[PDB]
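Engineer: Chains as they are written, first to last, in our numbering: chain A, 66 to 641; chain B, 66 to 641; chain C, 66 to 641.
To start, I am sharing the structure in question, which I have written as structure tokens.
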Amino acid sequence: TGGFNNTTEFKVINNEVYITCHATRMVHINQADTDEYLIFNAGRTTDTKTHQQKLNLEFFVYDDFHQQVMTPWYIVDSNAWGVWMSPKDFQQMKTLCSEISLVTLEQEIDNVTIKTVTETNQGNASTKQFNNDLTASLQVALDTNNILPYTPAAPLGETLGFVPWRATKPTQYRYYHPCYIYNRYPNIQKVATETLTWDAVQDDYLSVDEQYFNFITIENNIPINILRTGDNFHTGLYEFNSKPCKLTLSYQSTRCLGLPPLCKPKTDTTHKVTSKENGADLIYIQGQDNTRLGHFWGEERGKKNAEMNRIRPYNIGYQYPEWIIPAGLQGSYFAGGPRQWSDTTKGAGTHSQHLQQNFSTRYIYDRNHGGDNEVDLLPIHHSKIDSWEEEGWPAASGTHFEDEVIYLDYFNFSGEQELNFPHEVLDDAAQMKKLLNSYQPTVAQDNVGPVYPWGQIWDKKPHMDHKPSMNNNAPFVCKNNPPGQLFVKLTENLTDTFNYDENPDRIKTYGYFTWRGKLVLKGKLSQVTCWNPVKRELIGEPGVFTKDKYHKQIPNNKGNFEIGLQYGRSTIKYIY
Amino acid sequence: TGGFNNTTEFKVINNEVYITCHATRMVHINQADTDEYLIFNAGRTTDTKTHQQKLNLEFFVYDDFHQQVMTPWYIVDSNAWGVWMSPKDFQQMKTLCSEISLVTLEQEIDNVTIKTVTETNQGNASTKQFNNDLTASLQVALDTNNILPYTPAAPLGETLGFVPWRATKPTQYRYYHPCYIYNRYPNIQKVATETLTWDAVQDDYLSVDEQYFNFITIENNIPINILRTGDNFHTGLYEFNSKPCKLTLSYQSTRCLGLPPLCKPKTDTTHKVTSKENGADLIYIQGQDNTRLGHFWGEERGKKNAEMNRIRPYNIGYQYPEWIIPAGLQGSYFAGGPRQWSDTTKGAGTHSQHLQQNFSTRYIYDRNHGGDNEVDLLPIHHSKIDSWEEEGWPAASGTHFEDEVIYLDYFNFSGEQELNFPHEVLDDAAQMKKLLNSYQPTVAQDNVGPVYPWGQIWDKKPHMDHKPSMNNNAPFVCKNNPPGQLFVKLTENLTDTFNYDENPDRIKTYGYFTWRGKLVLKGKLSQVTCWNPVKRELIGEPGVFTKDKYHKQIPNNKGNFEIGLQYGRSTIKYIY
Amino acid sequence: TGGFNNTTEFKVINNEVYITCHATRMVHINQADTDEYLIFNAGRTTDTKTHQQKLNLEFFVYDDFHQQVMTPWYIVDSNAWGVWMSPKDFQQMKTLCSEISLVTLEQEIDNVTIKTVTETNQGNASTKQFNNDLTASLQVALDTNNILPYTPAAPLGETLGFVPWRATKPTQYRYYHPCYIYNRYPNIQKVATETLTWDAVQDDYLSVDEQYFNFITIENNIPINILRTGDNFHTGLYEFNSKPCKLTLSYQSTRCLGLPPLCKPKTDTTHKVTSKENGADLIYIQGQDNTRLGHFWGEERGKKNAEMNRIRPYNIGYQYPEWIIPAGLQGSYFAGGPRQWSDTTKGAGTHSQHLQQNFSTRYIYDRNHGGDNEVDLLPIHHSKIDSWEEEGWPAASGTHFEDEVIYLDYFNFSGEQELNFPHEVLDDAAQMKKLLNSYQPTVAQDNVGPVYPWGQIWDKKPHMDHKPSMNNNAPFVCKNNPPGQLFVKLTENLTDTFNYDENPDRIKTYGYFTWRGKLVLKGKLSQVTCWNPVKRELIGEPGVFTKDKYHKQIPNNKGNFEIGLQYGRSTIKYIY
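This is the structure in structure tokens:
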């Protein structure tokens, strides 16, 4: 119990499943470059001026500019799926459960081991001796009240590593210092056409306001614990309050809600639905084509209605303009959009990449977060980072094809004479692609579920009058405050000569400690009602045909392997 | 207790603060011009026709047209912040509390004093004698069930006065009679270009439908109390059910949510954040520029991502087109928009007024509601009314610069070759300024908080299927029905000769009474976590430099002074 | 609890506020140059003789001469405001409380970590190895009876540092050995005019008397505790007995005590008090100018009295000659004077610096006591020390303009004929500036309150027949003996070769330990009675206009920042 445990156990009692995840890591820690708190601006870029050419797009989307408070502390951040479960474990949960819910979280720290480094230069140096420092200390701070600004580490891909038998690193704690107004290319609309004079304007604009300085330290707000060799620290028992998350996906749109029309099967010939042929024809009124007994949108033009204007209870998904970037106080940002899953739209760039598949997402990760240490084929030697394309497949229900929207003004007509397109329908659809937000209160939207390994498990809600109902990063949002962030630091180890200036003179020191945590999940046995057997794995891009993906799922002779993406919502189910 | 009490007491018990506000006013009342209920149309305006010039904008935005039920009664309306607190008191609450909540409300009426006026003409008249009428009565009606349509008096700037030692007036009770359809400039789109014939169309359009007559009187619905000299009336104890309102503002946008990038401070040179220089530079992967390990929007173009497409949990604020007026049944109206706070956008009208600062607001008020009796420098002599510009400073978090929005269609590219703007980006942004609604379920919006003195404290929610989540006028919205409206009237005092026609022959009569009320507030001690001292006052426009504002905060030799604006949300805090 | 805690909590119970201040520091300690007690004279200076020029003033005011007992021990001195509170915390207390009082003090020492230094010379030396010495000891002595002479360390600006996350140093313990008589320029009045012969006299005079030797050691008087690694030391619970200190300042003088004259406001014209015009005129008796019904000083000259000779209950402040230095046994010293706050006296050096603002004070401090590490703009490179000018603003009530005093001999006259100045009034005022002490039993004087960060919190009263009622350094004076001084020392760590001579042969040794303390304050909720909102910040010299002060309140990219001055008494209130 006082030692390494990384295991999962599945237990079913009341027809509820209980998932207990044990995780343990060896955490290697170094001392920060200073013991000071630091506050600085970083990322302001001056483009290379072309007033005779044109303004630079690359300069526009690559701003990293921000202002930052950098602290001597480090976060131990366990919030990602890859920390708590192996690939088998996540498949197990994915198969057993129809839905899951967070129950409770525990974590502790012990096995503090600190050493000092001595370097004597003999034979042109390159000699290091390592000695235990038995009185050296590790400082631990738990913020249970969430005083400090909340910084989940999964979106930057730096958390505890995903492999239980490798050592891992904490990340240094830092947070934004939103005291400023920043904008890049101000007055974009004051350049006349193209290069009439200069097409580079002012570059950026910046103003900092001392009014807004908010500078928060750990030492003032939180009590700090000091741990030597035999010491240990326990966070306590945290309880999640949050709603359950379904593990099923639906492939269903507005056209599929409710009763289908009544049809008469074709008796003469035989068809399968994959043959893409009519196997039946509709039964209309008195044999009169297009005449149905419904509830429909519009006015009667002669009483011809179809499956298209049949009134539906709800709208599934909504049309939203793709890649709009608004400008906030502190910079311009991608607004994103409703997650959708598209594939195989014939046109545009033809068959190569098709479209972005609506609002597409990439994960980019290193060796310890599930990358094979080699970049996948199609100055450093090659590259050590891997990436994955997360296309939103569980969200397929509400996907919309942005090119295909049609606008009609008068749909009905006072007579049955004819129905023709206006000659502006083509142009009017192009405008409607980029400018149309179809969201309304009849819309039902479905987010992507848990994403493995790299997805964030839980997140904090913002403190605001109008609260958002959805979250891009995480399937679980805490109603109350989230689990407290866990900060760790090496005690300053000083030489005999005290420095009165900024940076202290220190003995070179490092250590490692054991992080151990327990995460408890509650779920419900999956009940699948279909006759046919179910396929729970997204296919079309495995290593089965010449993609060599699944070959890389186990270690090689060097010990390198990579972890594949898995969606928590893998099972088909009817909504409505 | 049976007498004048206007005081506030702050009391802290459980680490909760209790704020008890006592308010008392002398209320001068007159008898209405008739004892009848009146129903009329008012405000229809015929413009001066230019068919040879152009249609008049001034005629368009200045419609006051409405239909109205005017009643003999008067409202005693205490719902504004300036009624219950002094400028010191509101600063006190603003400093002590992190949030506040409404607890309970009591109010009563006594000290009824009624007089009659006799005028004898001697020496060309101008002589008035005043006599007590000891049997005269004041009628009081409390609508506890909210039968009558709800008409908060703060938006028209007429409530009980804000100064405790001045006498004040009630306002006469009236309400809209929505039986009609009204529109001004119908068929605006049927004029061809400019003045091809006549550019003034039909002016307005009006239709009244007897179907919709709803005419409600106090006498049928509510029991009425009669008060003579020694009598007194008590409303009882009302209990608010509503959510708390935070007293903190955030200056934070989407770019500032979560972990900042890891950076390395510059060791050679020294900078302060106000110097607007880089104090550090980012650490990229393998020194390869723009390469980060993230979670990002889009497809990999060669794996260059930045702080701009970094996926964020939420969107803070949203882009909404500014100054759109839709046309409802009973007229066209300004839709408003999400409250924002802008300043210092270089461009457009240059430095003078900059923009509207997004959705700007004005208060316009008289001497008793906190105006100095003189209009501020830059047919009546001068003007006695003052105004204040409420620019939405507590809402700064979600402000957007409408000119700066960018639209990209294909952000990703199948190769790393180049990224260039399309030549339509400039035009396509102009369209997107006026037509784009970026609202979606990931948006978090923050309203302006309590506004002092002129802001409304509480308000009623509409009885509707889809209820609104935000309110422009008031920080507190009652889940159940709001406090009952308090109606007051002088009993008809008739001469000896009874009139059988419309308006009664009355003895000229007036009186005054004492209104007294108690408002209880609950709050939580403010906990500020920053190192630096906090600045709780909005500056940049005080009387400190040559604005002579704070000089006017205390009475002059005439007793005139004016009350300055104060935001309830004055303290900076991190959301998320 | 056995670890780092630096936090403050504000708690309100009985309508009393309780302020608990937690403070913790890492204290770096070195071994003193000797283990001996040392007694020496220091500071005697021989001026460069000009008998042909004139005696040197610089030589006069720069004497540091003293006799001193220097001890091997070190003081841990927490007595300053900057130790116990952050800038936010002090503002909080300043805003919440009308007055404060000291309750109790606790402090302890643990986390003793001692190391030895070994230096091997290889590659021209410059190599240090650091080893734990696990049996080495720290000696701790608490003087609970105040046997040793009391030496508060704030006036020399050396106490524990003000920043909680920086390491800090103790100061070595030393005290005056008052056995001697010292005087500089004896017989200053025996030089005839200027340089009649030699204008440098005898320089100084000195005599030491063995009669008065008082030489006190820690080892004889106090029991000493020995602490190794796991050990800890607790002082116990100390209880303050002292009177409360108000947190309000008054701006009020003798002219403002009591009833003003009755006046009649001007009805024709309008004025504000900042316009500096009469808004009313006085009502005299029977319209007879200057005739009032009073209680006045003097004899009736014809019964014309004014607001100037109106008898007042008290005198607020008193006139005292500024910069007189008396000569005591052990040297000449500045006597100081009643604290006053002056500004804007037109004359003398005109507008540049005006006067000293009466008895002015400077603080001079280093980086760890709140200095930015750079000296403020307007052989070492530049200078690392900062200074602040403390001008006595809370004491403004009793300030006097020393140039403006008038002396009359016969004020009254046996007739109404005329009142004229004597021709000597001008000269007689000049004499009265330098020689006049106006103190008397009707005087009410008000000291400066708490001063942040650098002010001393508490102090000891002298053991004397006539005790002083005021203290220049500290707002709190203990009636009983003050908290005991806490002495700390490294145990002598000796080599194998024992030295029989004066200074011992030691292993080079240093350590650090944790100092932790808890200070409890009691206060009363501030009750402000004014209508207008209150301004609690001294302005006219912030960084708001081009002074860049508040910009420096948060760390830069190097971690340097400075702490601004704050007066405990920031709120205006009427005395009397």
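All C-beta atoms, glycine included, are put in the ideal place defined by N, C-alpha and C.
Within its chain, find whatever has a CB closer than 6 Å to the CB of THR300 of chain B; leave out the 5 residues flanking it on each side and keep chain order.
Structural biologist: By 1-based counting over the second sequence, the position of residue 300 of chain B is 235. Here the set comprises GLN172, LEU207.
Engineer: Excluding the five sequence neighbours on either side, which residues of its own chain have a C-beta within less than 7 Å of the C-beta of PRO607 of chain A, listed in chain order?
Structural biologist: Here residue 607 of chain A corresponds to residue number 542 of the first sequence, with the count starting at 1. Hits under 7 Å: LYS614, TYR615.
Engineer: So, under 8 Å CB-CB, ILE637 of chain A and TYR379 of chain A are touching, yes? Tell me the CB distance rounded to an integer number of Å.
Structural biologist: Reading the first sequence from its first residue, position 572 is the one you call residue 637 of chain A. Reading the first sequence from its first residue, position 314 is the one you call residue 379 of chain A. Contact flag wrong, Cβ pair sits at about 19 Å.
Engineer: Check whether the Cβ of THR409 of chain B lies closer than 8 Å to any Cβ atom in chain C.
Structural biologist: Stepping through the second sequence from its first residue, residue 409 of chain B is reached at position 344. No, no contact with chain C.
Engineer: So within the stretch 409-494 of chain B, which uninterrupted beta strand (DSSP E) runs reach at least 3 residues, ignoring any that extend past its ends?
Structural biologist: As far as the stretch 409-494 of chain B is concerned, its whole beta strand (DSSP E) runs of at least 3 residues are 426-430, 451-455.
Engineer: If we call anything under 8 Å between Cβ atoms a contact, is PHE552 of chain B one with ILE283 of chain B?
Structural biologist: Here residue 552 of chain B corresponds to residue number 487 of the second sequence, with the count starting at 1. Here residue 283 of chain B corresponds to residue number 218 of the second sequence, with the count starting at 1. Result yes, Cβ atoms of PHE552 of chain B and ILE283 of chain B sit closer than 8 Å.
Engineer: Please name the residue or residues paired with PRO330 of chain B in a DSSP beta bridge.
Structural biologist: Translated into positions along the second sequence, residue 330 of chain B becomes position 265. Its beta-bridge partners are B:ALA345.
Engineer: Just to make sure I have the definition right: I need the residues of chain A whose C-beta is within less than 7 Å of the C-beta of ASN252 of chain C. Which are they?
Structural biologist: In the third sequence, counting from the first residue as 1, residue 252 of chain C sits at position 187. The contacting residues do not exist; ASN252 of chain C stays about 44 Å from chain A at best.
Engineer: What residues are listed by DSSP as bridge partners for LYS525 of chain C?
Structural biologist: Within the third sequence, residue 525 of chain C is the residue found at index 460, counting from 1. Answer by DSSP bridge pairing, in chain order: C:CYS543.
Engineer: How is the alpha helix (DSSP H) around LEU221 of chain C delimited, first residue to last?
Structural biologist: One-based indexing of the third sequence puts residue 221 of chain C at position 156. Counting along the chain, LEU221 of chain C falls outside any alpha helix (DSSP H), and DSSP gives it neither H nor E.
Engineer: When we look at the beta-carbon of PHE280 of chain C and count the other beta-carbons within 10 Å, is it buried (16 or more) or exposed?
Structural biologist: Against the third sequence, residue 280 of chain C aligns to sequence position 215. Answer is exposed; the Cβ neighbour count stays below 16.
Engineer: Return the CA-CA distance between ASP98 of chain B and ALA460 of chain B, expressed in angstroms with no decimal places.
Structural biologist: Taking the first residue of the second sequence as position 1, residue 98 of chain B is located at position 33. Taking the first residue of the second sequence as position 1, residue 460 of chain B is located at position 395. Taking the straight line joining both Cα atoms gives about 45 Å.
Engineer: Please name the residues in the stretch 220-231 of chain C whose beta-carbon is closer than 8 Å to at least one beta-carbon of chain A, in chain order.
Structural biologist: Within the stretch 220-231 of chain C, the residues whose Cβ lies closer than 8 Å to some Cβ of chain A are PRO229, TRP230, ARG231, listed in chain order.
Engineer: Against chain B, does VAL77 of chain C count as a neighbour if the rule is that its beta carbon must be under 8 Å from one of theirs?
Structural biologist: Translated into positions along the third sequence, residue 77 of chain C becomes position 12. So, interface residue.
Engineer: Taking Cβ to Cβ, would you say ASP129 of chain A is nearer than 8 Å to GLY108 of chain A?
Structural biologist: Residue numbering aside, residue 129 of chain A sits at position 64 when the first sequence is read from its first letter. Residue numbering aside, residue 108 of chain A sits at position 43 when the first sequence is read from its first letter. Yes, these two residues count as a Cβ contact at 8 Å.
Engineer: Return the bridge partner residues of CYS86 of chain A from the DSSP annotation.
Structural biologist: Working through the first sequence from its first residue, we reach residue 86 of chain A at position 21. Answer is A:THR73, A:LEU584, bridged to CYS86 of chain A.
Engineer: Residues of the stretch 344-364 of chain B with a CB closer than 9 Å to any CB of chain A: list them in chain order, please.
Structural biologist: So the close ones are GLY344, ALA345, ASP346, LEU347, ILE350, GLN351, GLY352, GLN353, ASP354, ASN355, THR356, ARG357, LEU358, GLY359, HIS360, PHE361, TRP362, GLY363, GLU364.
Engineer: Going by beta carbon distance, what residues of the same chain come within less than 6 Å of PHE278 of chain B, once the five residues before and after it are set aside?
Structural biologist: For the purposes of this step, residue 278 of chain B is taken as residue 213 along the second sequence, with counting starting at 1. Once the five neighbours on either side are set aside, the close Cβ partners of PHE278 of chain B are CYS244.
Engineer: For a contact meaning CB atoms closer than 9 Å, what does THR339 of chain B contact in chain C?
Structural biologist: In the second sequence, residue 339 of chain B corresponds to position 274, counting from 1. Per Cβ cutoff of 9 Å: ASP613, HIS616.
Engineer: Report the rounded CA-to-CA distance for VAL205 of chain B versus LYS234 of chain B, giving the unit in angstroms.
Structural biologist: Numbered from its first residue, the second sequence carries residue 205 of chain B at position 140. Numbered from its first residue, the second sequence carries residue 234 of chain B at position 169. Their backbone Cα atoms lie some 16 Å apart in a straight line.
Engineer: Taking the beta carbon of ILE604 of chain C as the centre, do at least 16 other beta carbons fall within 10 Å, making it buried, or is it exposed?
Structural biologist: As a working mapping, residue 604 of chain C is identified with position 539 in the third sequence. Exposed is the call here.
Engineer: If you draw a straight line from the alpha carbon of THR260 of chain A to that of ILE619 of chain A, how long is it in whole angstroms?
Structural biologist: Here residue 260 of chain A corresponds to residue number 195 of the first sequence, with the count starting at 1. Here residue 619 of chain A corresponds to residue number 554 of the first sequence, with the count starting at 1. Rounded to the nearest angstrom, the two C-alpha atoms are 56 Å apart.
Engineer: Does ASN80 of chain A pass the burial test, meaning 16 or more other C-beta atoms within 10 Å, or should it be called exposed?
Structural biologist: Taking the first sequence and counting its residues from 1, one reaches residue 80 of chain A at position 15. Looking at its Cβ environment, which holds fewer than 16 other Cβ atoms inside 10 Å, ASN80 of chain A is exposed.
Engineer: Find the nearest neighbour of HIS447 of chain B within the set B:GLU454, B:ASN438, B:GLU455, B:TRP453, judged by alpha-carbon distance.
Structural biologist: As a first step, residue 447 of chain B is located in the second sequence; it is residue number 382 there, counting from the start. Of B:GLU454, B:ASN438, B:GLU455, B:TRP453, the residue nearest in Cα terms is B:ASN438.
Engineer: State the Cα-Cα distance for the pair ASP493 of chain C and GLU469 of chain C, rounded to the nearest angstrom.
Structural biologist: The residue labelled residue 493 of chain C in the question sits at position 428 within the third sequence. The residue labelled residue 469 of chain C in the question sits at position 404 within the third sequence. Taking the straight line from one Cα to the other gives about 11 Å.
Engineer: From the beta carbon of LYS587 of chain C, is the nearest beta carbon of chain B less than 8 Å away?
Structural biologist: As a working note, residue 587 of chain C is residue 522 in the third sequence. No, its Cβ sits nowhere closer than 8 Å to a Cβ of chain B.
Engineer: Let me know if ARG357 of chain B comes out buried or exposed under the rule of 16 or more other beta-carbons within 10 Å of its beta-carbon.
Structural biologist: Translated into positions along the second sequence, residue 357 of chain B becomes position 292. By the neighbour-count rule (16 or more Cβ atoms within 10 Å), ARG357 of chain B is buried.
Engineer: Determine the burial state of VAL228 of chain C: buried for a count of at least 16 other Cβ atoms within 10 Å of its Cβ, exposed for fewer.
Structural biologist: Numbered from its first residue, the third sequence carries residue 228 of chain C at position 163. Classification of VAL228 of chain C: buried, given that the 10 Å Cβ count is 16 or more.
Engineer: So which residues of chain B does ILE637 of chain C contact, with C-beta pairs closer than 9 Å?
Structural biologist: Sequence index remark: in the third sequence, residue 637 of chain C carries index 572 (1-based). Correct list: empty, because the minimum Cβ distance to chain B is about 12 Å.
Engineer: Leaving out the 5 sequence neighbours to the left and right, which residues in its chain are closer than 6 Å to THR181 of chain A when beta-carbon positions are compared?
Structural biologist: Here the question's residue 181 of chain A lines up with position 116 in the first sequence. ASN196, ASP198, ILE572, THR574, listed in sequence order.
Engineer: Can you name the residues of chain B whose CB is closer than 7 Å to the CB of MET535 of chain A?
Structural biologist: If you number the first sequence from 1, residue 535 of chain A lands on position 470. In chain order: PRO506, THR507.
Engineer: With 8 Å as the threshold, decide whether the Cβ of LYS532 of chain B is near any Cβ in chain A.
Structural biologist: Here residue 532 of chain B is taken as the residue at index 467 of the second sequence, counted from 1. Not one chain A Cβ lies under 8 Å of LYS532 of chain B.
Engineer: Measuring only the C-alpha atoms, how far is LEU203 of chain B from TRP523 of chain B?
Structural biologist: Position 138 of the second sequence, counting from 1, holds the residue named residue 203 of chain B. Position 458 of the second sequence, counting from 1, holds the residue named residue 523 of chain B. Their Cα atoms are separated by approximately 28 Å.
Engineer: Return the residue from the list A:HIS242, A:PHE305, A:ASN306 that minimises the CA-CA distance to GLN276 of chain A.
Structural biologist: Indexing the first sequence from 1 puts residue 276 of chain A at position 211. The shortest C-alpha separation from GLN276 of chain A is found at A:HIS242.
Engineer: Have a look at the DSSP bridge pairing and note the partners of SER166 of chain B.
Structural biologist: Here residue 166 of chain B refers to the residue found at position 101 of the second sequence. Its beta-bridge partners are B:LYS587.
Engineer: For chain C, find out if any of its Cβ atoms is closer than 8 Å to the Cβ of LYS329 of chain B; answer yes or no.
Structural biologist: The residue given as residue 329 of chain B occupies position 264 in the second sequence. It does not: the Cβ of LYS329 of chain B has no partner Cβ on chain C nearer than 8 Å.
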